[PDB]
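To start, the structure under review is shown below, and the notes come after it.
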Amino acid sequence: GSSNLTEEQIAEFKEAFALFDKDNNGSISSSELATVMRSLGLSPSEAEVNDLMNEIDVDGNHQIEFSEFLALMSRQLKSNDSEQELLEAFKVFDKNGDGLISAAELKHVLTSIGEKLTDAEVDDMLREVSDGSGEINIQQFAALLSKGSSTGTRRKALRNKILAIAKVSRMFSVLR
Ligand SMILES: [Ca+2]
Ligand SMILES: [Ca+2]
Ligand SMILES: [Ca+2]
């Protein structure tokens with residue numbers, strides 16, 4: 001499916017899957033899918049959430065599997081993928097709107113999915129692309145999705161959590 005991911009990469013989307021897959025059964029319902037988006041601050045109607053989750057569903061079982069969702073990440077973006085998922089994950093994380101996703105905006109966001117990082121963990125997570133600043137702009141914040149530096153098949157999944165939160169969140173702007 002025009003996908004070029006490795007066995008290890010398949011373990012990535014897994015994390016982006018848990019975002020919704022609560023019981024981790026292998027199918028993200030509309031009630032679970034919209035559970036994230038809305039958790040981010042969105043408010044997608046079950047009507048759309050369907051046409052959305054049905055826009056990827058390879059079986060149209062009104063649910064997203066670990067294969068479909070993973071195939072989505074490699075079937076959503078196109079050219080300026082990052083950028084796309086950036087501006088999205090950017091205007092998504094920045095709740096205050098200062099062009100810099102502060103700790104909260106980050107952690108709080110990570111907590112909107114389940115990830116509860118300590119003010120220290122977040123304040124540290126920023127340093128990643130915050131050069132020990134305190135916030136991340138469309139530039140720094142993007143430096144994350146495009147980090148792959150000090151990850152070693154670990155962080156790539158940490159930031160991947162945003163890849164979905166963004167993409168998935170962006171899917172609602174496309175489903176339209
Ligand atoms: Ca589920
Ligand atoms: Ca499915
Ligand atoms: Ca801000």
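Chains: A, B, ... in order of the structure tokens. Residues: from 1 per chain. Ligands: from 1, in order shown.
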
Those of segment 9-86 of chain A in DSSP alpha helix (DSSP H), formatted as a PyMOL selection string: chain A and resi 12-18+30-40+46-53+68-73+81-86

Within 12 Å of ligand 2 (only C-alpha atoms and all ligand atoms), residues as a VMD selection string: chain A and resid 21 25 to 30 53 to 72

Atom pair atom CA of residue 126 of chain A / atom CA of residue 7 of chain A: separation (Å): 28.6 Å

Residues near segment 131-139 of chain A, cut-off 6 Å, only C-alpha atoms, skip fewer than 2 positions along chain, as a ChimeraX atom specification: /A:99-102,127,129,141-142

Pull N, CA and C atoms from the residues just selected and write them as a PDB file, in the first residue's frame.
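File again30.pdb, as written:
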ATOM      1  N   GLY A  99       2.888  30.758  19.286  1.00  0.00           N
ATOM      2  CA  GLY A  99       3.846  30.223  18.334  1.00  0.00           C
ATOM      3  C   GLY A  99       4.932  29.413  19.045  1.00  0.00           C
ATOM      4  N   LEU A 100       4.626  29.025  20.274  1.00  0.00           N
ATOM      5  CA  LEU A 100       5.563  28.248  21.068  1.00  0.00           C
ATOM      6  C   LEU A 100       4.786  27.341  22.023  1.00  0.00           C
ATOM      7  N   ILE A 101       4.886  26.044  21.770  1.00  0.00           N
ATOM      8  CA  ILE A 101       4.201  25.065  22.597  1.00  0.00           C
ATOM      9  C   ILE A 101       4.967  24.885  23.908  1.00  0.00           C
ATOM     10  N   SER A 102       4.434  25.497  24.956  1.00  0.00           N
ATOM     11  CA  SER A 102       5.055  25.414  26.267  1.00  0.00           C
ATOM     12  C   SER A 102       4.915  23.994  26.823  1.00  0.00           C
ATOM     13  N   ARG A 127      13.633  20.530  25.742  1.00  0.00           N
ATOM     14  CA  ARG A 127      15.061  20.679  25.516  1.00  0.00           C
ATOM     15  C   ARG A 127      15.477  19.942  24.241  1.00  0.00           C
ATOM     16  N   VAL A 129      14.257  19.841  21.372  1.00  0.00           N
ATOM     17  CA  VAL A 129      14.291  20.763  20.250  1.00  0.00           C
ATOM     18  C   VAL A 129      14.044  22.185  20.755  1.00  0.00           C
ATOM     19  N   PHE A 141       9.334  22.742  17.345  1.00  0.00           N
ATOM     20  CA  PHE A 141       8.333  21.695  17.453  1.00  0.00           C
ATOM     21  C   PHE A 141       8.459  20.694  16.303  1.00  0.00           C
ATOM     22  N   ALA A 142       8.847  21.215  15.148  1.00  0.00           N
ATOM     23  CA  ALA A 142       9.010  20.383  13.969  1.00  0.00           C
ATOM     24  C   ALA A 142      10.319  19.599  14.079  1.00  0.00           C
TER      25      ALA A 142
END

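Between residue 95 of chain A and the residues A:164, A:42, A:49, A:16, the shortest atom-to-atom distance, using only C-alpha atoms, involves A:42.
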
Selection: 6 Å around residue 103 of chain A, only C-alpha atoms, excl. self and same-chain fewer than 2 positions, as a ChimeraX atom specification: /A:105-107,122-123

Could you turn the residues from that selection into a file that holds N, CA and C atoms, as a PDB file, in the first residue's frame?
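The new file again19.pdb reads:
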ATOM      1  N   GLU A 105       1.142  22.955  27.294  1.00  0.00           N
ATOM      2  CA  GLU A 105       0.654  22.718  25.945  1.00  0.00           C
ATOM      3  C   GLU A 105       1.146  21.362  25.434  1.00  0.00           C
ATOM      4  N   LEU A 106       2.303  20.959  25.939  1.00  0.00           N
ATOM      5  CA  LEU A 106       2.891  19.690  25.543  1.00  0.00           C
ATOM      6  C   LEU A 106       2.363  18.582  26.456  1.00  0.00           C
ATOM      7  N   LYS A 107       2.834  18.605  27.695  1.00  0.00           N
ATOM      8  CA  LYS A 107       2.420  17.613  28.672  1.00  0.00           C
ATOM      9  C   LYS A 107       0.896  17.491  28.653  1.00  0.00           C
ATOM     10  N   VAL A 122       8.424  16.978  30.806  1.00  0.00           N
ATOM     11  CA  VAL A 122       8.031  17.844  29.708  1.00  0.00           C
ATOM     12  C   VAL A 122       9.099  18.920  29.505  1.00  0.00           C
ATOM     13  N   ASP A 123       9.424  19.600  30.595  1.00  0.00           N
ATOM     14  CA  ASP A 123      10.423  20.653  30.550  1.00  0.00           C
ATOM     15  C   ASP A 123      11.726  20.088  29.980  1.00  0.00           C
TER      16      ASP A 123
END

Who sits within 12 Å of residue 162 of chain A, only C-alpha atoms, same chain under 5 positions skipped, as a PyMOL selection string: chain A and resi 12-13+15-17+19+36-37+40+73+82+85-90+92-93+106-107+109-113+115+141-142+144-146+155-157+167-170

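Distances from A:96, A:80, A:151, A:24 to ligand 1 were compared using only C-alpha atoms and all ligand atoms, and the smallest one belongs to A:24.
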
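Minimum atom-to-atom distance to ligand 3, evaluated using only C-alpha atoms and all ligand atoms, belongs to A:104 out of A:104, A:175, A:143, A:117.
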
Distance in Å - atom CA of residue 44 of chain A versus atom CA of residue 119 of chain A: 29.8 Å

Best match for closeness to ligand 3 among A:11, A:74, A:91, A:33, counting only C-alpha atoms and all ligand atoms: A:91

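Each of A:18, A:10, A:5, A:174 was checked against residue 161 of chain A using only C-alpha atoms; the smallest atom-to-atom distance is that of A:18.
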
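Of the listed residues (A:160, A:79, A:84, A:31), A:31 comes nearest to residue 48 of chain A; the distances count only C-alpha atoms.
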
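For the atom pair formed by atom CA of residue 108 of chain A and atom CA of residue 140 of chain A, the distance is 18.2 Å, given to one decimal.
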